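Protein chains in written order, with the authors' numbering: chain i, 57 to 182; chain c, 1 to 86; chain b, 1 to 617; chain h, 1 to 132; chain d, 1 to 257; chain l, 333 to 458.
Okay, structure first, notes after.
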Amino acid sequence: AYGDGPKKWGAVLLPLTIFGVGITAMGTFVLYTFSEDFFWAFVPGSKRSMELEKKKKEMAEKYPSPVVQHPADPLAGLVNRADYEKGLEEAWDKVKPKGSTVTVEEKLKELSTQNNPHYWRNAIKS
Amino acid sequence: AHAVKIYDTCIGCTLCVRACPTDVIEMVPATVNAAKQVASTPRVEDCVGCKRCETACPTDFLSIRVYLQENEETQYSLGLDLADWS
Amino acid sequence: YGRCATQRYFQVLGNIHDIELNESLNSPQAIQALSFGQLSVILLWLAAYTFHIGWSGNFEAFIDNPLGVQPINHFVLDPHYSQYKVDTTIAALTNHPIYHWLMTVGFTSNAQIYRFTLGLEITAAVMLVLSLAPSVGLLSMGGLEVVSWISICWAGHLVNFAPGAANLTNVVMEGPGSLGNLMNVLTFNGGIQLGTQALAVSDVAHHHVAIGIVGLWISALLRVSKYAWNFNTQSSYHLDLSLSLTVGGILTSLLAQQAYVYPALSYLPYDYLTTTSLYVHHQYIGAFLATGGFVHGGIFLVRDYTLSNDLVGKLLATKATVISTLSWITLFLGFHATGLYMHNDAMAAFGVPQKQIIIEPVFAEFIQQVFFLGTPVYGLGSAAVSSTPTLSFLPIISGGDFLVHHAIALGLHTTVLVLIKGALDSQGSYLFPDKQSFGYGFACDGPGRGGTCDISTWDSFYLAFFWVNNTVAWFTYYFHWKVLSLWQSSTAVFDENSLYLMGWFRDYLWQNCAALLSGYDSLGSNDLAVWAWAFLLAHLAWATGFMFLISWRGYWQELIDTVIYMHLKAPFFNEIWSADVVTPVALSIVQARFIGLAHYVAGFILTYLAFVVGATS
Amino acid sequence: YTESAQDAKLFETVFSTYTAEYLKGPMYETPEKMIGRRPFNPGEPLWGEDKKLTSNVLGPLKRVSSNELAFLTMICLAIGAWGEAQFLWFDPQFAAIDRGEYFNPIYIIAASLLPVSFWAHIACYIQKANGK
Amino acid sequence: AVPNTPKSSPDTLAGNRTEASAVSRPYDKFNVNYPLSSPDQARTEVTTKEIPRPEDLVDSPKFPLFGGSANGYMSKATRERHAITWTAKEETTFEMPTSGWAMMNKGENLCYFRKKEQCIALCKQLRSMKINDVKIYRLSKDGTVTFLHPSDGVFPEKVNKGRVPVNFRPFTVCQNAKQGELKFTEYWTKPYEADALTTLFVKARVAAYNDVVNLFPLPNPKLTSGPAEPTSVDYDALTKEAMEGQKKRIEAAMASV
Amino acid sequence: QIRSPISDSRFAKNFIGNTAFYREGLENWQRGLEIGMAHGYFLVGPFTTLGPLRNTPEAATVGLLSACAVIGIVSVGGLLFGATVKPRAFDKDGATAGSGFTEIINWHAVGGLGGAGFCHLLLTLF
Ligand code: CLA
Ligand code: CLA
Ligand code: CLA
Ligand SMILES: CC1=C(/C=C/C(C)=C/C=C/C(C)=C/C=C/C=C(C)/C=C/C=C(C)/C=C/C2=C(C)CCCC2(C)C)C(C)(C)CCC1
Ligand code: SF4
Ligand code: SF4
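Shown next as structure tokens:
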């Protein structure tokens with residue numbers, strides 16, 4: 057008949073598909089909450105994410121890419137950072153206020169250094 | 001831990017220090033303002049994020065800025081009283 | 001483990017698909033893989049519909065008598081039904097034009113539907129396989145050339161299954177032949193073809209082959225325009241996503257309009273409920289897509305744009321002018337539409353309906369008469385009558401439609417105002433000069449500086465989504481009442497009572513709810529009982545959204561703290577639960593606003609769907 | 001020497017100016033500067049210091065003379081206007097379809113050349129302004 | 001009592017609160033010098049003998065005249081405690097940070113709280129009542145005591161020597177780099193954590209990008225396995241003329257300033 | 333730790349203290365069995381009457397099945413709690429975290445089945 061079919065298949069599956077599947081999904085999500093990889097990609101400093109970052113760095117330093125990539129350090133893009141600073145030094149000496157005692161490398165060290173211990177990647181003793 | 005920063009525009013009011021309910025801001029000597037003192041935040045881990053320090057800063061805009069980081073909540077940042085995570 | 005708070009759920013689940021923040025699969029290959037998985041889900045959803053239509057459905061009985069049979073969606077096997085309700089219900093009826101679509105595209109049996117379900121499942125498997133192997137090679141797939149080729153192939157399918165394909169002489173083997181031979185499968189008659197009361201399948205196939213060829217040509221022209229003047233200066237997933245979402249919203253809204261006025265599915269206009277649901281659904285989808293385009297434009301401004309003297313830089317520099325002029329437009333439109341509606345309300349209330357301000361929509365009437373209508377209906381602009389007119393379902397406008405279109409303009413302009421204002425102030429306002437360093441979404445900047453509630457760019461979308469839903473509600477009320485009057489042959493109750501808003505209440509909402517509320521009562525329950533129940537459920541969801549929107553966190557955080565105290569002080573449970581595992585904390589401000597908006601719009605959609613079903617049943 | 005705050009600001013300005021003028025050249029090597037992203041394509045600068053388009057903006061026809069492009073755009077305009085007029089008004093082709101006969105391919109091919117004439121005259125003025 | 005409080009010890013109910021916080025919240029860590037700002041800042045050390053954990057004190061003479069309340073910390077459900085040690089001049093009433101009222105002792109006083117915010121609020125109240133030497137301590141799960149609030153002996157409202165500035169950014173708030181400028185870097189979502197050098201560099205980089213008249217084409221990589229394409233443009237001559245342009249542009253720019 | 337007669341009088345101390353969850357001298361299985369018997373005998377009640385099949389001869393049997401289902405669901409929830417939180421409040425020396433609580437929940441399931449069966453027996457009889 058018309059009713060038969062979906063009746064038997066439903067009596068088998070609808071209890072399964074709703075009860076068993078949804079309850080298993082809820083229980084597995086609660087387990088995933090207590091799992092070590094709980095939202096690992098969105099929790100800063102998580103073990104899986106940090107290991108992935110380390111392995112990405114290892115692959116980048118072991119298999120150099122012929123194409124140029126976005127520099128993680130914006131100053132790391134420079135093909136010759138030495139020449140960059142040497143020019144800065146020459147320009148600064150050209151426009152130094154009188155016999156100023158301030159040099160370019162000290163200023164670059166002062167600007168690059170920063171005391172932000174509470175920023176992560178620094179709270180992980182890194 | 002909600003990152004809290006101090007900028008050059010700080011004029012050593014000490015109001016941000018007095019407004020902090022968890023002793024995050026702290027007055028260090030400096031040579032950038034007439035007060036010869038500048039706020040610092042060495043105990044950001046205690047910052048709840050209430051932004052009372054920003055309410056008490058008299059500069060044109062906030063010489064002390066509290067950047068809420070909801071993806072890095074802490075029992076000290078969440079102000080937990082009945083749950084301990086330590 | 002799991003020594004986090006419940007805030008972790010709503011914090012990550014709000015960015016769970018913000019893959020740019022997911023450093024693992026951050027590459028564009030992963031995003032294409034996500035597209036493949038989404039298309040697999042879409043294919044499985046269509047397979048669901050086709051499988052339940054072919055399994056427990058009357059498509060074989062539908063093709064025979066498309067006017068006298070009601071399409072069946074799926075078999076109902078709810079254990080909670082009472083024998084009577086079981087005897088009462090036959091099966092879950094159909095609220096979508098899938099029967100009409102299958103009939104149009106040449107389905108004549110349940111065996112064809114079953115093969116279609118198998119093909120959909122196999123294609124979903126193919127999509128999953130493609131998603132298994134993200135790769136720059138797969139990034140080659142796609143493009144306007146690919147979609148135009150899909151259009152050409154769909155044209156080929158429609159040619160193969162056109163009603164006149166039987167009379168078609170094989171062109172590729174016996175030559176093109178006479179023009180009528182091609183007219184068996186490729187026509188440009190234009191408009192409704194009578195009988196099926198829909199566009200001819202030949203028209204649709206010819207449309208698709210033309211669109212595919214033109215799209216191939218346009219893609220080639222765009223790529224040679226990329227040959228010289230090759231400048232991909234601003235590439236961002238959010239910029240391209242905003243482009244795609246805005247174009248898709250325009251296309252979906254146009255689909256709603258031109259599918260009501262030029263139905264392409266056979267015997268669709270005879271089914272009032274499916275037509276109304278189609279229009280409402282597609283308009284909601286189009287509005288959502290346009291809002292998403294604006295949202296992703298704002299996101300691109302927030303975290304992918306670098307200030308320059310470009311188009312966006314010029315827009316940002318004079319953002320005050322844009323916001324001020326949009327505010328003026330919205331103020332004028334709202335003031336005048338509301339004032340004219342209130343004046344008409346007062347005149348109708350005071351027994352003087354003649355003294356209402358009925359501004360005739362003479363401009364739209366001029367456009368309609370000069371460009372669309374083939375007979376003199378209004379007589380302004382032109383009065384010529386077409387010797388060989390074509391048929392369609394373009395409504396005839398009247399005085400109330402002027403005010404309704406001004407309400408639509410007010411809604412659209414206010415939504416655009418909120419979205420543009422938020423996107424352009426993501427770069428900073430004088431209350432929040434450094435919004436470029438706070439991300440797209442954040443709670444607030446505290447009670448200082450007078451208060452900074454809802455100052456985030458995400459809060460701009462949160463505020464504008466109410467306006468999106470309100471505008472769609474306004475023009476869907478317009479469409480629904482217009483088509484209800486046309487189908488009920490009133491066409492004068494609308495044209496008179498839509499001038500004042502008490503008409504919009506009494507004759508539209510209060511009047512069309514009579515049958516829906518009688519879905520179940522003391523006497524019994526009929527087939528509309530499910531929709532009355534869904535009506536109530538949607539109202540409940542809407543008011544829960546009210547809870548999440550009105551009451552804010554601090555109260556609820558203190559209340560949850562007291563509840564935690566009760567749990568930790570409760571017997572037989574302090575030994576088991578120390579609140580350290582998944583600490584129960586109140587929803588964050590952004591999470592609360594989003595969840596309140598979600599309940600609001602869920603109740604909105606379900607309420608209007610139940611009302612449409614109960615009114616056009 | 002008791003460096004002034006204004007001296008520190010001067011150094012910041014000097015650093016910013018030097019960096020800005022240095023990263024433009026081939027000593028920074030960032031993905032943005034890759035051909036077809038931000039730069040002007042190697043040997044084909046589109047415009048100079050003054051914002052005047054060079055002949056390189058035309059692409060393959062970057063050395064077709066101004067006179068030849070003027071002739072091309074005028075012939076395309078004339079042929080396209082003839083095709084459009086012969087398709088829409090004079091001997092209409094849709095009415096020919098109503099007669100049961102096919103379109104005239106000459107009219108369609110002719111009318112296809114109007115946007116060709118548009119871009120051709122724009123390129124012609126670009127060439128003329130560049131002295132080509 | 002078993003119905004009043006759970007029968008198991010706080011450590012038993014805690015389970016693995018540690019070794020799970022390190023997993024659930026790997027970001028939640030204190031810097032190497034938590035109460036202070038510089039490593040060479042004395043760092044006075046106190047032990048449980050000075051400030052014992054509250055479960056080891058019953059009817060201590062240093063407790064104030066407090067009648068107990070439901071608003072205190074969660075014994076056996078939380079292990080972290082914050083203690084205040086202040087010396088009074090006279091016995092007067094004060095508001096507990098957890099509501100209710102207590103009366104201070106004539107001499108030494110000692111209170112225990114869960115959150116440091118309660119201790120700081122009580123310190124503000126006491127200092128408003130002319131009380132010095134308000135010392136605030138933190139009690140850990142294992143009993144290690146960390147001295148807080150006047151960490152270097154001088155209250156933070158008063159500037160003191162030996163305090164290195166922390167989280168000090170040498171510019172204005174809106175002089176931070178924009179997120180789009182710091183894209184693909186570790187500071188993309190947190191431009192306020194970038195260095196001054198990095199912010200200045202990216203703010204100059206965005207200006208450099210907007211000068212395509214002098215921007216360098218940056219030739220395509222050679223990825224295909226076949227022979228190099230002959231092309232029609234000399235990259236060496238372009239590089240030389242770009243060096244000349246860069247030199248002259250830098251000279252003119254430095255002449256301007 | 334505040335003191336109230338409801339939570340600190342000798343009756344409260346010796347009542348909560350003598351319950352299966354806290355009574356001295358009880359093995360974990362005994363606590364589970366007793367709590368389960370109580371819960372199962374209670375749960376048959378609200379299902380035999382106040383249910384879909386109230387006025388049927390099999391009302392008691394349907395109530396028993398529903399009570400066993402509720403006992404099983406709450407026992408699965410307790411197993412989930414023991415697997416995630418591992419309360420450790422009942423574990424003996426050594427062993428593993430949450431072993432005692434898991435044993436308590438398993439014997440609670442057993443006792444729930446037993447008590448539900450006993451209630452169904454007392455309903456069918458008498
Ligand atoms: C969007 C997908 C979808 C949905 C919502 C439903 C909904 C329903 N199906 Mg169903 N079905 C589908 C697809 C779907 N079907 C497909 C593709 C098939 C072919 C294999 C079937 C075959 C099928 C049978 C044979 C039966 C149902 C039945 C039912 C009903 C009870 C639920 C059940 O037991 O499902 C069981 C369904 C399956 C075991 C098939 C798996 C469903 C598909 C393949 C998964 C799609 C997932 C989708 C992409 C979303 C994933 C994301 C999600 C996590 C949010 C319910 C009306 C039963 C019924 O009518 O009883 C009253 C019944 O007997 N369905
Ligand atoms: C193809 C289109 C498309 C794509 C690819 C994206 C992609 C993205 N969007 Mg986006 N968006 C889109 C369309 C799109 N959007 C549209 C159309 C809108 C307007 C409505 C928006 C509005 C929007 C906002 C406002 C935000 C994003 C954000 C994001 C990013 C993170 C997504 C995330 O994790 O959300 C998480 C997703 C969810 C939490 C899903 C919610 C689950 C729903 C509500 C369930 C409710 C339905 C329920 C079953 C109904 C029950 C009924 C009841 C009666 C029972 C991601 C890049 C975020 C971002 O980039 O911020 C940095 C962000 O804040 N989007
Ligand atoms: C009925 C409810 C309602 C009404 C009337 C408004 C009205 C308005 N909203 Mg609004 N809003 C609402 C609900 C409502 N909102 C909700 C629920 C949300 C979700 C949070 C929002 C979110 C929202 C946002 C995010 C924005 C607005 C904006 C606006 C203004 C748009 C300009 C306009 O139309 O001016 C017309 C004003 C009215 C119709 C108000 C009534 C004025 C009188 C009573 C009617 C006219 C009478 C007569 C002509 C005057 C007599 C003059 C003389 C004889 C005395 C307007 C004041 C935008 C704005 O302020 O831009 C300017 C904007 O950005 N709203
Ligand atoms: C009224 C009242 C009260 C009380 C209440 C309650 C709490 C009740 C309960 C009651 C109950 C709740 C009871 C119970 C009972 C139970 C039982 C009686 C059981 C039994 C069981 C059994 C006997 C089992 C057996 C077995 C086993 C063990 C296993 C295997 C199987 C068998 C069956 C063999 C009060 C004081 C508060 C106050 C007021 C009054
Ligand atoms: S209130 Fe503002 S300006 Fe004054 S010391 Fe604090 S941070 Fe500096
Ligand atoms: S937000 Fe509140 S707790 Fe954080 S530093 Fe500012 S005042 Fe202190």
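Cβ atoms here follow ideal geometry from the backbone N, Cα and C, with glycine treated the same way.
Candidates the options: closest to residue i by CA position
i                      : options                        : result
h:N67                  : h:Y125, h:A95, h:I79, h:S16    : h:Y125
b:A166                 : b:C153, b:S202, b:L139         : b:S202
residue 307 of chain d : c:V24, c:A34, c:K36, c:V28     : Absent from the structure is residue 307 of chain d, since the part of chain d shown begins at 1 and ends at 257.
d:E193                 : d:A204, d:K178, d:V206         : d:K178
h:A81                  : h:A123, h:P105, h:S112         : h:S112
d:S8                   : l:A391, l:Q362, l:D423         : l:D423
b:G119                 : b:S151, b:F51, b:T94           : b:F51
b:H296                 : b:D64, b:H238, b:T252, b:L67   : b:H238
b:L394                 : b:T388, b:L373, b:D401, b:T414 : b:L373
b:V418                 : b:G381, b:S456, b:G177         : b:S456
b:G554                 : b:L528, b:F546, b:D580, b:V585 : b:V585
Residue i, buried or exposed, once every other Cβ within 10 Å from all chains shown has been counted against 16
i                     : result
i:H126                : exposed
b:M127                : buried
residue 51 of chain i : With chain i represented from 57 up to 182, any question about residue 51 of chain i goes unanswered, as that position is not in the structure.
d:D142                : exposed
d:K248                : exposed
l:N360                : buried
c:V17                 : buried
b:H80                 : exposed
Rounded distance between the beta-carbons of residue j and residue i, thought under 8 Å
i      : j      : result
b:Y462 : b:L597 : 6 Å
- request: Could you name the residues of the stretch 1-18 of chain d whose beta carbon sits closer than 7 Å to any beta carbon of chain l, in the order they occur along the chain?
  value: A1, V2, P3, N4, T5, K7, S8, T12, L13, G15
task: With 9 Å as the limit, tell me which residues of the stretch 47-78 of chain c have their beta carbon closer than that to any beta carbon of chain i; keep them in chain order.
output: Within the stretch 47-78 of chain c, the residues whose Cβ lies closer than 9 Å to some Cβ of chain i are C47, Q69, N71, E72, listed in chain order.
- request: Would you check if there are 3 or more beta carbon pairs closer than 8 Å linking the stretch 85-100 of chain b to the stretch 85-92 of chain i?
  value: no
- request: Decide yes or no for the touch test of the stretch 103-122 of chain d against the stretch 71-82 of chain d: beta carbon pairs closer than 8 Å, at least 3 of them.
  value: The stretch 103-122 of chain d makes contact with the stretch 71-82 of chain d: 3 or more CB pairs, one atom from each, lie closer than 8 Å.
message: With three or more C-beta pairs closer than 8 Å as the rule, is the stretch 413-427 of chain l touching the stretch 15-35 of chain d?
response: yes
message: When you compare the stretch 41-48 of chain c with the stretch 186-204 of chain d, are there three or more beta-carbon pairs, one atom per stretch, that lie closer than 8 Å?
response: no
message: Please identify, using Cβ separations under 9 Å, the residues of the stretch 62-87 of chain d that lie next to chain h, in order along the chain.
response: Residues passing the 9 Å Cβ filter: none.
- prompt: Below 8 Å, can you find three or more Cβ-Cβ pairs linking the stretch 209-216 of chain b to the stretch 281-291 of chain b?
  reply: no
message: For the structure I just gave you, are there three or more beta carbon pairs, one from the stretch 463-474 of chain b and one from the stretch 403-419 of chain b, closer than 8 Å?
response: yes
message: Any C-beta of chain l within less than 9 Å: which residues of the stretch 58-74 of chain i qualify?
response: Of all residues in the stretch 58-74 of chain i, none has a C-beta nearer than 9 Å to a C-beta of chain l.
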